[PDB]
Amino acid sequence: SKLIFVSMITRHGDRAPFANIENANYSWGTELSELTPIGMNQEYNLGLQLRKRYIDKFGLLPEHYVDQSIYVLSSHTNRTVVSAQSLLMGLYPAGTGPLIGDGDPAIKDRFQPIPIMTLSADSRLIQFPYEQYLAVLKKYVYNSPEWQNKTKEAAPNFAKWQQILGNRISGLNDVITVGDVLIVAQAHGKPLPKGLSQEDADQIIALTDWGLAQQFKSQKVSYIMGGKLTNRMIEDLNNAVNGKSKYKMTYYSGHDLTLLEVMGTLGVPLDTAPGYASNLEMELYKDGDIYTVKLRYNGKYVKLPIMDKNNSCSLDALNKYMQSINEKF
């Protein structure tokens, strides 16, 4: 059995927050929502790891980039484009890029350009536009019993958190909003907002992790947002077998939501919110006329209901599995 194709999703690397904590004076060194140098490094290192795996170990890809061998598609955000670029700088690093003349580098340090396409901002493929995303949550998630129950649990802290942070805290949605700022703050070694204990910060962050994961616990919600991408990735696998495509890899540069919605669509929803540079790979193997698939998330194989003791199933089985999911929704 040989690996013949991979489809991959990443979450982008460390970024500045989207929001501000009203009562704190954090400065990030970059614009809101932009990838930080740390985030570039995280994706670059993931790239190096993917080289060791898919080039060195499996030999799916060669050491020097082959034009049209990898299709890369990113959501329409700076952080996801720059994350893809950074990852690709690890996958095909300086020293491997093309030469001209007599071993003279096309670009200094033999950098390797690899094209990245972006979706439009209004595309729903890699992430739902923000307002549409929130609309899905309002409709299917916020009034769910699990969400209401957890809200009731945490509600006695809202007043306190609101007065400490300044930001409105009137529901778990608001907790998630400030929780991201605290995650970024912690990742950059910034002090706690005055009057916010480490205990409080931990609780807010824990509620944020819980909330993000809980949103995609519903296969229905996951499918609404992630059905299209999940179908596309599986189609990519099929195109590697039916002669339609010569790509060795398709790579979708995305968000925590992207990973959550695909895993959730496949019926293996994540128990924790994807951290920076989290990644998922669909691996396609060929042994003669036999085609097998494995699903890898953050370095570990994932067992779909249709998989055997070896965390594997036939591509045919995967197709049947996906077909059933489509018919279901």
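The first residue of the shown sequence is 1; numbering continues from there.
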For 96-104 versus 229-237, entry-based mean Cα B-factors point to 96-104
Out of 147-155 and 200-208, which one has CA B-factors that are higher on average in the deposited record? 147-155
Per the deposited entry, the peak Cα B-factor within the set 258, 177, 245, 78 goes to 245
For the CA B factor values reported in this entry, which option in 278, 27, 36, 49 has the top one? 27
Mind checking which third residue 8 falls in for C-alpha B-factor across the chain? lowest
Split the chain's modelled residues into thirds by Cα B-factor; residue 217 lands in the highest
Taking the C-alpha B-factors as the PDB entry records them, is residue 160 in the lowest, middle or highest third of its chain? highest
Chain third (lowest, middle, highest) by recorded CA B-factor, residue given as residue 286: highest
Which third, lowest, middle or highest, does the CA B-factor of residue 139 fall in along this chain? highest
